[PDB]
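Right, one structure below, let's go through it.
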Amino acid sequence: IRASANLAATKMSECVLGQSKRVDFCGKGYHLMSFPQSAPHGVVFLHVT
Amino acid sequence: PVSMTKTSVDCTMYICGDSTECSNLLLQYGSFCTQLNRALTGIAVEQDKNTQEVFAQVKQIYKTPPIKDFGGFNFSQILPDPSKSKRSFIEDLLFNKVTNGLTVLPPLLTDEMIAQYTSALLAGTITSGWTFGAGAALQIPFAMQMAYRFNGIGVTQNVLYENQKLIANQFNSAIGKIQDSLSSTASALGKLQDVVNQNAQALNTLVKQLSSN
Amino acid sequence: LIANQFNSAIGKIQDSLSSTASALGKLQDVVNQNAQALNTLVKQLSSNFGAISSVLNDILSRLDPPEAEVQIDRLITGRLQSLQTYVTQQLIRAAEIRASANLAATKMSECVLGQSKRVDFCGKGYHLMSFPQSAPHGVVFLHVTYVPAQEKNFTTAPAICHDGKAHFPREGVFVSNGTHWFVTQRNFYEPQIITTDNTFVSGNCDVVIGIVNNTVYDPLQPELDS
Amino acid sequence: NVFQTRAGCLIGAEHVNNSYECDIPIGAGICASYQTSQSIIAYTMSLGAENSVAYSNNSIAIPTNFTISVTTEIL
Ligand SMILES: *[C@@H]1O[C@H](CO)[C@@H](O[C@@H]2O[C@H](CO)[C@@H](O)[C@H](O)[C@H]2NC(C)=O)[C@H](O)[C@H]1NC(C)=O
Ligand SMILES: *[C@@H]1O[C@H](CO)[C@@H](O[C@@H]2O[C@H](CO)[C@@H](O)[C@H](O)[C@H]2NC(C)=O)[C@H](O)[C@H]1NC(C)=O
Ligand SMILES: *[C@@H]1O[C@H](CO)[C@@H](O[C@@H]2O[C@H](CO)[C@@H](O)[C@H](O)[C@H]2NC(C)=O)[C@H](O)[C@H]1NC(C)=O
Ligand SMILES: *[C@@H]1O[C@H](CO)[C@@H](O)[C@H](O)[C@H]1NC(C)=O
Ligand SMILES: *[C@@H]1O[C@H](CO)[C@@H](O)[C@H](O)[C@H]1NC(C)=O
Ligand SMILES: *[C@@H]1O[C@H](CO)[C@@H](O)[C@H](O)[C@H]1NC(C)=O
Ligand SMILES: *[C@@H]1O[C@H](CO)[C@@H](O)[C@H](O)[C@H]1NC(C)=O
């Protein structure tokens with residue numbers, strides 16, 4: 001869970017709070033942005049690519 | 001996944017629930033309890049540390065202004081709904097697809113609290129661009145942000161505005177599709193369901209063992 | 001000033017580290033955790049585990065082998081199982097550390113050896129650089145991060161018309177000081193006279209949302225006229 | 001002098017309307033701290049000074065001065 005959580009944080013950290021340039025890190029495509037959504041015990045992203 | 005269910009277990013009840021003749025035999029095992037109970041406790045705080053460092057990446061809690069003139073981009077599904085938990089629509093589905101000394105500590109950051117983060121992290125993302133990660137969030141009209149965000153993959157801003165209405169419509173129709181996909185198959189949330197399930201299984205298996213000779 | 005700004009910045013870390021040792025919790029716990037694991041591992045030696053006593057040398061001086069074998073076996077299965085517990089803890093804990101080590105290496109790889117572009121990877125903000133520093137059983141980085149400070153509203157529009165055609169900014173966004181329109185970079189204000197040398201062509205005024213009528217200066221015409 | 005919260009029955013702490021940063025975590029969003037004459041308070045932990053952003057079709061907020069800061073990240 002923790003590694004995913006740190007992976008989750010990095011996804012908010014880099015992909016929400018900015019625009020990532022890591023190909024296939026914010027979903028398939030040249031990334032645009034992402035909107036986190038709360039969820040039980042986890043989190044859902046809406047990677048807009 | 002982000003966090004687990006902050007399970008805590010008392011060895012003494014689990015292993016000798018209300019039996020003086022038993023707990024005396026448990027003391028002969030020295031410190032196995034105190035470390036086990038310490039181990040799970042260390043897990044418990046880690047989960048709260050998980051949720052803090054995942055969501056609370058933002059100092060100030062932003063809220064969206066009464067006007068939604070997002071360059072045509074329609075976010076009404078992702079913003080929290082003021083008339084309900086001040087949670088959003090798309091997430092509302094998401095909470096709907098999910099389901100002896102053994103206690104469950106509650107999470108420090110409550111669900112209503114969790115939403116405000118996800119409202120804020122979403123709010124500065126919308127109105128301020130990326131600048132709200134670096135420091136003071138700076139209001140920027142949303143159609144400007146895509147011109148940056150398109151500038152972030154090697155397509156100059158002239159793509160966006162010369163195609164502003166469609167791209168907004170494309171994203172808008174895009175947003176609705178997740179609503180159907182989430183509503184249609186419960187397997188859309190397979191991973192989180194697993195996070196619940198093995199946790200459910202672990203406890204049940206832990207509970208059943210009490211029946212073994 | 002930026003030089004001095006950095007100079008005074010560094011001295012602050014000297015005080016914060018000197019003032020409180022709580023800043024180094026993330027290392028101290030690691031020493032603490034292992035010390036706890038060892039102390040628990042050491043203390044287990046005193047547990048009788050159901051044996052008549054917790055001293056091997058006693059049991060050997062206390063019982064003949066055919067009966068001592070039973071009692072010693074009770075310690076062995078217990079004490080081994082405690083040692084087994086400790087090792088499993090270390091493997092898991094060592095994985096956590098090794099997870100940080102790889103993260104530490106990457107930060108050293110991407111934040112020392114170069115300027116990382118991952119937002120909130122080298123501290124809050126548009127990262128500049130980092131200075132790795134030794135430490136017991138760990139590492140400490142002194143990230144140098146650009147954080148905007150003093151801010152001013154301005155009125156924006158994604159373009160301007162000069163002749164009925166559309167201009168966007170090659171680098172910057174369009175602003176006005178209320179009477180005159182300026183185009184400026186994105187994270188530290190400096191207005192500029194909007195000339196063709198900063199702007200590029202794309203379309204006309206009938207499709208852009210927000211474009212405003214304006215005058216773009218051409219450096220070429222004065223040279224030809226003069 | 002008893003406060004009831006979702007996590008349990010907290011005794012010894014005055015319940016407080018004002019929200020402040022979390023010093024000690026209790027559960028269900030309630031945090032305790034020692035403040036002024038002084039005593040132990042428990043409160044709904046403040047998620048911080050709330051904010052809001054002057055969103056518009058037609059304005060930008062571009063900083064005129066910055067900082068060079070240094071923080072410590074420890075691993
Ligand atoms: C975003 O889209 C939603 C549709 O999902 C719009 O809400 C609709 O608004 C019309 C007009 O008032 C109503 O007849 C519908 O019943 C609404 N449906 C829903 C699901 O809300 C909303 O107005 C749009 N927002 C913007 C800013 O365009
Ligand atoms: C906006 O900026 C322009 C650019 O300098 C200002 O116009 C100049 O004002 C000075 C006086 O301070 C005059 O000497 C110049 O001749 C002006 N330039 C031109 C081209 O006329 C303007 O005053 C500024 N206005 C505000 C409200 O900031
Ligand atoms: C920018 O200025 C031009 C003037 O050169 C405007 O063009 C006029 O627009 C009005 C309607 O707003 C028409 O009735 C006139 O016939 C137009 N003039 C010419 C010569 O065609 C233009 O509308 C302005 N646009 C903006 C966005 O300010
Ligand atoms: C911008 O204007 C709003 C009000 O319209 C104000 O609250 C805010 O402080 C202003 N920001 C700056 C940097 O002047
Ligand atoms: C932005 O909203 C205002 C309403 O206050 C409106 O008058 C203006 O035309 C809008 N901007 C654009 C570019 O449509
Ligand atoms: C908070 O204020 C309300 C009145 O608005 C009052 O009824 C309540 O007792 C107060 N609680 C505390 C802890 O001060
Ligand atoms: C930034 O602020 C400092 C004082 O902190 C001042 O000396 C300096 O001139 C300012 N920079 C600019 C570009 O105005």
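Each residue's number is its place along the chain shown, starting with 1.
Every residue gets a Cβ built from N, Cα and C, even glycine.
The disulfide bond recorded by Swiss-Prot for C:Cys111 reaches one of C:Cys122, C:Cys161; that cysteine is C:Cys122. A 10 Å cutoff on Cβ-Cβ distances gives C:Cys122 (disulfide bond) a total of 25 other Cβ atoms nearby, all chains included. With a threshold of 8 Å between Cβ atoms, the recorded positions C:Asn153, C:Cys161, C:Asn177, C:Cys205, C:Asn213 that neighbour chain D are C:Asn153. C:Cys111 (disulfide bond) falls within a helical segment according to DSSP.
Ranking the recorded positions C:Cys111, C:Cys122, C:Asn153, C:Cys161, C:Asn177 by the distance of their Cα atoms from the Cα of C:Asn213 (N-linked glycosylation site) places C:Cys161 first.
Within the set of disulfide-bonded residues (C:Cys111, C:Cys161), the lowest number of other Cβ atoms found within 10 Å of a Cβ is recorded at C:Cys161.
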